[PDB]
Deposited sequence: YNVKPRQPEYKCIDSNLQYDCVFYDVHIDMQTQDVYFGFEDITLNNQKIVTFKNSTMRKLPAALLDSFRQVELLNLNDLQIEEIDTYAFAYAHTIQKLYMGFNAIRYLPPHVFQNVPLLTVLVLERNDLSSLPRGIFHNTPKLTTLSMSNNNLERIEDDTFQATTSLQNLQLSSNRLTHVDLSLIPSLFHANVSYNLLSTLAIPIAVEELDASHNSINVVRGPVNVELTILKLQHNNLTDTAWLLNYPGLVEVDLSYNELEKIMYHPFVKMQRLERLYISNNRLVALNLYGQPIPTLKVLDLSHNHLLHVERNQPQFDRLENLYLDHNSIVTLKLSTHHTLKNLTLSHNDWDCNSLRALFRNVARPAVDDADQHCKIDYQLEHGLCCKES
């Protein structure tokens, strides 16, 4: 019958396995265990016992990170009424008892990152209306049911990256400020009204929906299945959007005409054969990544290119490129294309290395190096 004491409370060398019977925490007199901040060092609790919070009833911040927890006793959080921040990440927890969060009304932060959760009990967060930050990344979740966040009307940060999710409707959480659903199996993305940073990279998304949102500033959608970009018109505040590794076949200026401050646009590794940002260039654009596509003719985009600081054209089939004497490029990639030699000679009157970041090493029979890049004379 071990008795673990603090030494505002750090437990040392607590070792509870599944077999272990009841153990003791703090002083027998509950009133002496008035510590508000609880953490463990060099400890393992394969099952989280009720004895901990039965004895410490004034805990506000409970850190159970990396305690090798596999199971939570059903009534572990019976006397947890004062807890505001609960950290239970980096364990091996397989399920949450249905009413585990029934008596934590003041909960604002909950971390369950890196565990073994495969589903959420109905009503798990129905009694935690103050919840503002939640992480359940690195679990095995397949579905977030639509009633999950009905009560969490102040939820601001939601991290669900690296699960197996085929459904989670973020439109049902209008309070969202930061949301991360990267590395899942989503096919549809509804973007809530006020989210400022949203990462839905590494999914299977082919449709983007939602109301005009003037707050969205960072949108990560790389590694999905997008075939259009019209929906971009709904996000006039974007500063960065990553559309790389999708199925886009053309980029036109139309979807970007409402962009007030877009600076970084990544579109590498798509299937682009057409590019028109000259009808109406994006005035604020600084970085444009068009590498690894199937572009052939892009010279008409000069007015857009002239204003950039970084332009990546490598790995296409581009034949010509024109820049004004006063262009602002600081980083340019050009290798692995299909250059006309005359175009390269003209180009290098206004730009050179190391601004030009790359080069071709060898050329095919009909080609030769012109300023370090393969080209054919015509």
Quiz item: Which parts of the deposited sequence lack C-alpha coordinates?
Solution: 1-6, 14-19
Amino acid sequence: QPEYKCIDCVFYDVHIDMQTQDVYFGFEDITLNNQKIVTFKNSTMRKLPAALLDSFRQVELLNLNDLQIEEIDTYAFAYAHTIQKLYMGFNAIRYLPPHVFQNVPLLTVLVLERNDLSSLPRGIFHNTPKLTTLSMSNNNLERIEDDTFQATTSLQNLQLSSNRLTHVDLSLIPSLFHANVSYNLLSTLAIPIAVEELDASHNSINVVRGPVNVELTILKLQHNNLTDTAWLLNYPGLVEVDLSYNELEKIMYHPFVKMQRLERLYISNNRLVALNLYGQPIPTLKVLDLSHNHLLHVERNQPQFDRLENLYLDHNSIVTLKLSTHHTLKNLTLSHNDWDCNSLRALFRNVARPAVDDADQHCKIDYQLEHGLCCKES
From here on, numbers count along this sequence of modelled residues.
Quiz item: Averaging C-alpha B-factors over each stretch, which comes out higher, 214-222 or 83-91?
Solution: 83-91
Quiz item: As stated in the PDB record, which stretch has the larger average Cα B-factor, 29-37 or 60-68?
Solution: 29-37
Quiz item: At the C-alpha atoms, which of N331, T44, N350, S335 reaches the highest B-factor in this entry?
Solution: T44
Practice problem: Please work out which residue in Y253, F305, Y183, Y75 has the highest C-alpha B-factor recorded for this crystal structure. | Solution: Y75
Self-check item: Third assignment of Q156 from its chain's C-alpha B-factors
Solution: middle
Self-check item: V104 by Cα B-factor - lowest, middle or highest third of the modelled chain
Solution: highest
Self-check item: B-factor third for the C-alpha atom of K322 within its chain
Solution: middle
Quiz prompt | Ranked C-alpha temperature factor of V356 among modelled chain residues, by third | solution = lowest
Practice problem: Would you please rank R264 by its C-alpha temperature factor against the other modelled residues of its chain and give the third it falls in: lowest, middle or highest? | Solution: lowest
